[PDB]
Amino acid sequence: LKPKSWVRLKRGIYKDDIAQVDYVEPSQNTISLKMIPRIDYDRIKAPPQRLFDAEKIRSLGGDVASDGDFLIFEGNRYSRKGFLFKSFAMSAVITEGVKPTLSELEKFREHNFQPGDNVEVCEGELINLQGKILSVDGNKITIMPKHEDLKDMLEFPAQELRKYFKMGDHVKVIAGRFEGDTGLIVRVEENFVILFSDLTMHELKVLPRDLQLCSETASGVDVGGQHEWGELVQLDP
Amino acid sequence: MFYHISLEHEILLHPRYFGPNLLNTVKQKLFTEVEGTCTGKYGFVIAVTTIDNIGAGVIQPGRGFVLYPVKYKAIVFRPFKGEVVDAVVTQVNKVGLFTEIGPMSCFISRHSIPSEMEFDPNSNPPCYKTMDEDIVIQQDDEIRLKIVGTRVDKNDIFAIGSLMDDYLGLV
Amino acid sequence: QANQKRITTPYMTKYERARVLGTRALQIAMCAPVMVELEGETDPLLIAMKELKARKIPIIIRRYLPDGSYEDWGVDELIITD
Amino acid sequence: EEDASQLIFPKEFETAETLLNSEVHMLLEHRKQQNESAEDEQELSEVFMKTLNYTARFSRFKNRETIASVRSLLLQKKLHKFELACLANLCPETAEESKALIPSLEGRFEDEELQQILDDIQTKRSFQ
DNA sequence: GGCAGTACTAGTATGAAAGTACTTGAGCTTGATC
């Protein structure tokens, strides 16, 4: 669980919502979560998220206590500048596997190495050696590469490595706006890598960490599995 | 690259073809079914050179078609990464190079063109040239490319080439 | 095996005559040339049954002996039981 | 995984023989003459047509006998079908260029020797 | 007007078969040693 990471509250109307860990409590009891409220401002009560309209809740009244942008309302819910900032038990949230969406990032390092990929050494006296991954650990990978013309296994920390690739090999986009798309890399630039997708020849330029070596042919189906490229759709009646 | 190999086929004959011209129909059926086709295993079947042997026909159970195994010699075209071949430029665009290698198409990415070859839209026929105007690549020119990768989408193969190495380009 | 030394019954077993009149009628039923003069016959099973009594059916039967070998009998060489 | 620049080809292409664009053109010309004459056969496919003009357009030895002599010339040299066929089709003029285009040739012969074969080819070339 | 406690509701978490085959234990016989 990390501060400013995103977790999902287990219960309430806020159940499953992506929420940012505003504050990790030292006691490890609760965490302050940044949410967008799902409230009717007690007008309907004798819903989709919307930014907290402090003026509206004041208009509706009820349990409202304004203190600047910080406002306390109905059940000591805390809000500030349109968002919620309320503590929730750590036991009450889902701390792992959450991952915000890009949209959630708008609302509110990493290492990925797999045995079999070709990597390059970015620094050190061992710089510009390329080789294939034997094994992997989470930080100092102790990536045990088998470098070209080297029968020995060395150890490299993740931070010392990058995912290299000569032009013409198949690549997959691991994470990004393009993730799931595949292609052959035509040209490699400093940290820049350009490639043509398999589905369409429309160009793609991505960072060196966002590609991996996988020999599989392109899927041809969107995330969600409902639609696929080249299909007929109804846009409006 | 062009090859001369031995291939096989199963000719499914509709029952109407039977009668007198039976063996002849198999050969004519074969020529029509394999010539022009392409596969990932062998590539483009350019033409059937000779028919070595015709297998005894076996009635397929539950269907009218009877299958005659056929051994034939054919000419195939199967490209490989790193091989240099001559192509004809067919179209100049600001997006890259549209080329053709025999019956197979090949795309040369603009990113794989030396920086000296600026694209020039204002020229009468679109073309690719060096600012020095020394070398100009346009429609109908013969160029040397290196195949960087191949793909097979719906029995048809296409490739991607590059002009980054020395002694490539205009011929 | 050779045309000599064939060891099998010359008669057509009722299993072979069941699959011959079936396979032949399936061919006739798709535009296939008819060996025998057909007279008022729109039904393929009756046509294929007629070709059989006249021994006009163009099929050779491949009989696998149990040891892995085989023999090829044409439908004319065999003797129709019924 | 595979790469012709290192003569790593599939097992299937072992018993096969490479064909020069000139030889291909000849073979296609004979098959066409047969297709042409003896009617009652649909016109050939587009793949053919495109290949017929492309092969012709790049054929350097227009004479039957010449092609055979070139083939045999190289034949008596320790060459792999791929390396052989590639040099005959591209006909490079210098050892340097040759090695660059076909890296598998590195260390196979001395530049001098490679240039002898090249020079011989050039001599055999049926210029237009 | 606010905070704490209690109660209710919702969700989540756990007699009256027969036979055959295999394994284990006990007993008997043979071999080796004193």
# chains A, B, ... in the order shown; residues from 1 in each chain; ligands from 1
>>> closest_atom_pairs(of="chain D", to="chain B", cutoff="6 Å", atoms="only C-alpha atoms", output="tab-separated table")
residue	atom	partner	partner_atom	distance
D:3	CA	B:81	CA	5.7
D:4	CA	B:80	CA	5.8
D:5	CA	B:82	CA	5.3
D:16	CA	B:5	CA	5.3
D:17	CA	B:4	CA	5.5
D:18	CA	B:3	CA	4.7
D:19	CA	B:2	CA	5.2
D:45	CA	B:36	CA	5.9
D:47	CA	B:103	CA	5.2
D:50	CA	B:103	CA	5.6
D:51	CA	B:102	CA	4.9
D:54	CA	B:102	CA	5.5
>>> write_last_selection(atoms="N, CA and C atoms", output="PDB file, in the first residue's frame")
ATOM      1  N   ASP D   3      17.103 -16.570 -40.278  1.00  0.00           N
ATOM      2  CA  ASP D   3      17.771 -15.460 -40.949  1.00  0.00           C
ATOM      3  C   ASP D   3      18.686 -15.891 -42.089  1.00  0.00           C
ATOM      4  N   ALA D   4      18.309 -15.551 -43.325  1.00  0.00           N
ATOM      5  CA  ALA D   4      19.082 -15.941 -44.500  1.00  0.00           C
ATOM      6  C   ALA D   4      20.487 -15.353 -44.500  1.00  0.00           C
ATOM      7  N   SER D   5      20.715 -14.243 -43.794  1.00  0.00           N
ATOM      8  CA  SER D   5      22.042 -13.637 -43.768  1.00  0.00           C
ATOM      9  C   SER D   5      23.040 -14.492 -42.989  1.00  0.00           C
ATOM     10  N   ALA D  16      15.875 -28.480 -52.031  1.00  0.00           N
ATOM     11  CA  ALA D  16      15.451 -27.546 -53.058  1.00  0.00           C
ATOM     12  C   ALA D  16      16.641 -26.883 -53.738  1.00  0.00           C
ATOM     13  N   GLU D  17      16.386 -26.351 -54.931  1.00  0.00           N
ATOM     14  CA  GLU D  17      17.387 -25.658 -55.726  1.00  0.00           C
ATOM     15  C   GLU D  17      16.944 -24.226 -55.997  1.00  0.00           C
ATOM     16  N   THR D  18      17.893 -23.297 -55.945  1.00  0.00           N
ATOM     17  CA  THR D  18      17.582 -21.900 -56.190  1.00  0.00           C
ATOM     18  C   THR D  18      17.556 -21.646 -57.693  1.00  0.00           C
ATOM     19  N   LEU D  19      16.798 -20.641 -58.114  1.00  0.00           N
ATOM     20  CA  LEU D  19      16.714 -20.338 -59.533  1.00  0.00           C
ATOM     21  C   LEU D  19      17.023 -18.873 -59.788  1.00  0.00           C
ATOM     22  N   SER D  45      -2.927 -16.304 -64.326  1.00  0.00           N
ATOM     23  CA  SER D  45      -3.211 -15.453 -63.183  1.00  0.00           C
ATOM     24  C   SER D  45      -2.380 -14.174 -63.187  1.00  0.00           C
ATOM     25  N   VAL D  47      -0.641 -13.038 -60.679  1.00  0.00           N
ATOM     26  CA  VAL D  47       0.657 -13.303 -60.067  1.00  0.00           C
ATOM     27  C   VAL D  47       1.655 -13.674 -61.150  1.00  0.00           C
ATOM     28  N   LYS D  50       2.443 -10.514 -63.442  1.00  0.00           N
ATOM     29  CA  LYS D  50       3.352  -9.617 -62.729  1.00  0.00           C
ATOM     30  C   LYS D  50       4.750 -10.207 -62.647  1.00  0.00           C
ATOM     31  N   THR D  51       4.842 -11.514 -62.410  1.00  0.00           N
ATOM     32  CA  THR D  51       6.140 -12.167 -62.311  1.00  0.00           C
ATOM     33  C   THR D  51       6.798 -12.307 -63.676  1.00  0.00           C
ATOM     34  N   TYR D  54       8.246  -8.806 -64.438  1.00  0.00           N
ATOM     35  CA  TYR D  54       9.303  -8.489 -63.484  1.00  0.00           C
ATOM     36  C   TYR D  54      10.547  -9.329 -63.750  1.00  0.00           C
TER      37      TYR D  54
END
>>> closest_atom_pairs(of="chain B", to="chain C", cutoff="9 Å", atoms="only C-alpha atoms", output="JSON lines")
{"residue": "B:14", "atom": "CA", "partner": "C:30", "partner_atom": "CA", "distance": 7.7}
{"residue": "B:15", "atom": "CA", "partner": "C:32", "partner_atom": "CA", "distance": 4.8}
{"residue": "B:16", "atom": "CA", "partner": "C:32", "partner_atom": "CA", "distance": 4.5}
{"residue": "B:17", "atom": "CA", "partner": "C:32", "partner_atom": "CA", "distance": 7.4}
{"residue": "B:18", "atom": "CA", "partner": "C:32", "partner_atom": "CA", "distance": 6.5}
{"residue": "B:19", "atom": "CA", "partner": "C:33", "partner_atom": "CA", "distance": 6.1}
{"residue": "B:59", "atom": "CA", "partner": "C:23", "partner_atom": "CA", "distance": 8.2}
{"residue": "B:61", "atom": "CA", "partner": "C:23", "partner_atom": "CA", "distance": 7.9}
{"residue": "B:62", "atom": "CA", "partner": "C:23", "partner_atom": "CA", "distance": 8.1}
{"residue": "B:63", "atom": "CA", "partner": "C:26", "partner_atom": "CA", "distance": 7.6}
{"residue": "B:64", "atom": "CA", "partner": "C:27", "partner_atom": "CA", "distance": 5.6}
{"residue": "B:65", "atom": "CA", "partner": "C:27", "partner_atom": "CA", "distance": 8.3}
>>> interface_residues(of="chain E", to="chain A", cutoff="12 Å", atoms="only C-alpha atoms (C1' of nucleotides)", output="ChimeraX atom specification")
/E:1-3,10-11
>>> closest_residue(among="A:233, A:213, A:121, A:89", to="chain D", atoms="only C-alpha atoms")
A:213
>>> atom_distance(atom1="atom CA of residue D:102", atom2="atom CA of residue D:68")
23.4 Å
>>> select_by_dssp(residues="chain C", states="strand (DSSP E)", output="PyMOL selection string")
chain C and resi 60-64+70-74
>>> write_last_selection(atoms="N, CA, C and O atoms", output="tab-separated table (two decimals), in the first residue's frame")
chain	number	residue	atom	x	y	z
C	60	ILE	N	-13.53	-49.75	-57.62
C	60	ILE	CA	-12.73	-50.90	-57.24
C	60	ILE	C	-12.70	-50.95	-55.72
C	60	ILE	O	-12.54	-49.92	-55.06
C	61	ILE	N	-12.92	-52.13	-55.17
C	61	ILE	CA	-12.97	-52.28	-53.72
C	61	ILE	C	-11.60	-52.70	-53.23
C	61	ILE	O	-11.02	-53.66	-53.74
C	62	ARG	N	-11.07	-51.99	-52.25
C	62	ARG	CA	-9.78	-52.33	-51.68
C	62	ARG	C	-10.01	-53.07	-50.37
C	62	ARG	O	-10.47	-52.48	-49.39
C	63	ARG	N	-9.71	-54.36	-50.36
C	63	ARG	CA	-9.93	-55.20	-49.19
C	63	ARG	C	-8.63	-55.34	-48.42
C	63	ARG	O	-7.68	-55.93	-48.92
C	64	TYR	N	-8.61	-54.84	-47.20
C	64	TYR	CA	-7.44	-55.00	-46.36
C	64	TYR	C	-7.43	-56.38	-45.73
C	64	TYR	O	-8.31	-56.69	-44.92
C	70	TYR	N	-3.36	-55.71	-48.73
C	70	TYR	CA	-4.65	-55.35	-49.30
C	70	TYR	C	-4.80	-55.97	-50.67
C	70	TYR	O	-3.82	-56.35	-51.31
C	71	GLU	N	-6.04	-56.06	-51.14
C	71	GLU	CA	-6.37	-56.51	-52.48
C	71	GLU	C	-7.37	-55.56	-53.11
C	71	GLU	O	-8.22	-54.99	-52.43
C	72	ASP	N	-7.28	-55.40	-54.43
C	72	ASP	CA	-8.14	-54.49	-55.17
C	72	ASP	C	-9.04	-55.29	-56.10
C	72	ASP	O	-8.58	-55.82	-57.11
C	73	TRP	N	-10.32	-55.34	-55.77
C	73	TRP	CA	-11.33	-56.02	-56.56
C	73	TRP	C	-12.21	-54.96	-57.21
C	73	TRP	O	-12.75	-54.10	-56.52
C	74	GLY	N	-12.34	-55.01	-58.53
C	74	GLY	CA	-13.31	-54.15	-59.19
C	74	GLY	C	-14.70	-54.73	-59.06
C	74	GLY	O	-14.87	-55.94	-58.94
>>> residues_around(residues="residue A:49", least_positions_apart="5", cutoff="9 Å", atoms="only C-alpha atoms (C1' of nucleotides)", output="PyMOL selection string")
chain A and resi 35-39
>>> select_by_dssp(residues="chain C", states="alpha helix (DSSP H)", output="MDAnalysis selection string")
chainID C and resid 16:28 44:53
>>> atom_distance(atom1="atom CA of residue A:108", atom2="atom CA of residue A:45")
27.5 Å
